[PDB]
Each structure stands twice: as structure tokens, then as C-alpha cells.
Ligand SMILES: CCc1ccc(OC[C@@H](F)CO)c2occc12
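A lone chain, given as C-alpha cells: the form deposited without the ligand.
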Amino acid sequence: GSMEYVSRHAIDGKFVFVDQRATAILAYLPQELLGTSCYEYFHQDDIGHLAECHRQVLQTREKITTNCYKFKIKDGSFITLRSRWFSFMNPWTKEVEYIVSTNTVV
């Protein structure tokens, strides 16, 4: 359904993929999120633990589940999300290119 959407994030949080279900949940067009960092939208209280879970997943092929956190939507209010993250290691270049994130409304 449309209670979740999938994003991908480069190493500074930059959105590099946003599926169209994000607009239903966040009221942003995908193009508004693409090229901006997820950290720009996290509630400032949540930056620290989300950044540490992001750092964790860069060093493992296992998935990491965040705590619930608040995400600032287009009108400036906050919704609560929980994300499941895993990193995408290129098996030839041996580089983590991005992380995959399923973002679920709580």
C-alpha cells in the first residue's frame, strides 16, 4: 500500500532515489527531496541516534532498524516514521554506494 515508501541515501544523507509514495506521506514531490539530505528534515532531537544507525549500517551487510523519529513535512509539521536501513555494497568496487531505506508511517 502507501503507508511506507522507499528511499536511498548517499553518505551525507542526500536522497538519491525517492519512490512516488513519498508524496502521499510527506506532501513533497520526489524532486523536492532528491538532492537534499534526510538530516535536513529530521527533528533536531533525532539527528544523533539516526546518524549513528546510519554509520552502523555502512559497516555491515545486516539491516538496522531505527527508533521512531520525527520528520518535518512540507507544511512544517512533523510526522513520526520508523525506518529499516541496509547498505548496498557494490560487490566489484567494494564500495558502499548508498543505503536503502523503507520509511514507514508510525
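One rule holds for the numbers: they count along the sequence shown, beginning at 1.
There is another form of the same protein, the form deposited with the ligand bound; it is not shown, and what comes next is about it.
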In the deposited complex, is there a heavy atom of the ligand that lies within 4.5 Å of any heavy atom of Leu50, even though the partner is absent here?
yes
Answer yes if any heavy atom of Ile64 is within 4.5 Å of a heavy atom of the ligand in the deposited complex; otherwise answer no.
no
Quick check on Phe78: any heavy atom within 4.5 Å of the ligand in the deposited complex?
no
Residue-level contact is defined here as any heavy atom of the residue lying within 4.5 Å of the ligand in the deposited complex; does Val16 satisfy this criterion?
no
Partner contacts in the deposited complex for 24 to 54 (non-hydrogen atom within 4.5 angstroms of the ligand)
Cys38, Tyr39, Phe42, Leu50, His54
